[PDB]
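There is one chain below, alone, in structure tokens, taken in the form deposited in one PDB entry.
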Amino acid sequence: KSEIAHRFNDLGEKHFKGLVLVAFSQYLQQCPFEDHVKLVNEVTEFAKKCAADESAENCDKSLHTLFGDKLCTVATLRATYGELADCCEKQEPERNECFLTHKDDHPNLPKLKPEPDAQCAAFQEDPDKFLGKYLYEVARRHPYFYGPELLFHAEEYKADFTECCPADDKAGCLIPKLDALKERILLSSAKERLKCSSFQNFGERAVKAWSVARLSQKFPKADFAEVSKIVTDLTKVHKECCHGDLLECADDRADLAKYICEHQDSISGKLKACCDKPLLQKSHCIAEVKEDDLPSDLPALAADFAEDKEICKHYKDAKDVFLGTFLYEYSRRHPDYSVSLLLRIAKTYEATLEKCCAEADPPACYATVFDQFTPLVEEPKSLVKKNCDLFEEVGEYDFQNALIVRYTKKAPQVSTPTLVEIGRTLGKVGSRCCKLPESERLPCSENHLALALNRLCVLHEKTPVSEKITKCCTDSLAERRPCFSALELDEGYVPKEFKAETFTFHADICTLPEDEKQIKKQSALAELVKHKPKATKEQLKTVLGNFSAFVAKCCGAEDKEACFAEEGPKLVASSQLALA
């Protein structure tokens, strides 16, 4: 009857306001903060009004109608948001869909540097404004961030400024925390963007399948029934959030978290610490909970899925339940597999039964079906061992460079910053995963990879440069990682013409902190590969190392610029002979 009243009542004012700010910040990334505060308070006041009389004029309008009307009042409409002023001409649900379509994955706003004195001051002087501003900035930059979860991260950014601001050295307490949080923010944005990307490109079925797999791994004690129910609910939550209905999403998420904690005895024995928490902390804990111990009573799958004579019938009767079942069972006995691998396996099963069940004698045909799985498992296992050996041996930086090269050879049309960012992200998978026990590295690796390759793909949607990437991004959610692995030097490349200034470093680099130095040299590394695509990886390691030494020494010098000026051109000219 009054959606706005109903969400204001279930969520409470704090989480209601927060979520409406987040939603606004994502729909209008370019709109200044103060403009959004007033719109939030404005809509929020209306909610209150409606909550006390749901018959009041306009209280029965859809959320969209109310929210889109609010956004379409924001000043400097056409100048600041060109393409979004056209959306305000529309009725809902066209209008909502045009907003949604014009969200910007790489708005490329200033990097968020902590100002610890000036922010503690703003924290103590007005914490609501201060926390609000954090939601705004993160939302702004990650327009598909998982709404309820951002409020959770806003609670940790509060806990942080709370403990460090009263302290002696605010900047020493606060900076490593705010760095850890940014890392968690980025990972979380990447997981949610993979969810939204899967809806957009593959549909709701592909999200269900993914979620059956992962929840079955996580909750192996649970019966198919119960995973199905959680998955149906979880898929609706994320569909909503992804489509921007953040208030609905949060409300539904809290009901799901209630449910799971109502039923943990029949879901998992790890939900116990999670269930003794406030709403946001609990939902978060459930969402990241460790995998439960395997049960002693796991069935043998062979009889039911490869030996049974009734398999084609069972399968023509309800494919999706038969397949969902195989996926649930295979998944829960395999936490040591990646989600994507589990889904390639299911897709091979399904394929084997469609081929075999139309054949002359199907059971002889599907008898060996589990053996089709074996090379699918060997492949990413080998990859992971091979990349972790490399990592263990050369370290993060060089492993990142190995990858910058590998990827620049595959898609040398990608801008340098993208290639650098993706090789760096990929190399950090190295860091996180290679150190885990031997049976956790394949899932760690391939699950985090999926996150990074989706980032790449999302960027490429905005700024398309390469048919090879378009193909790999669209052909199969489960096949992405193998599709990217199989890519080799684009022979279609005409080498990029040499511009000396691109390889030419100056004293400006010596100021930069360590990460920012690497980004520069890694940027030159990408550029080296674009001019000389056939250069071997060892030739580029030596040329890069000679650029490192060169930079280390000239930065170490009494006259930095005369050092760069004298020695730089020699190194630019000679290092082109050392490549191809």
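Take the two forms, find the largest set of C-alpha atoms that superpose within 1.5 Å, and that set is the rigid core. Each residue number is its position in the shown sequence, starting from 1.
Below: the form deposited in another entry, not depicted.
- Might you check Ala318, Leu298, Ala118, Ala273 and identify the only one whose CA position changes by 2 Å or more between this form and the one not shown on rigid-core superposition? Per the superposition, the moving residue is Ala118.
- Rigid-core frame, C-alpha of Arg481, shift of 2 angstroms or more between this form and the one not shown: Superposed on the core, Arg481 moves its C-alpha less than 2 Å between this form and the one not shown.
- Task: Establish whether a shift of 2 Å or more occurs at the C-alpha of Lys170 between this form and the one not shown, with the two forms superposed on the rigid core.
- Result: It does shift by 2 Å or more.
- Could you check whether the CA atom of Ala535 moves 2 Å or more between this form and the one not shown, using the rigid core for the fit? The answer is no; the displacement is under 2 Å.
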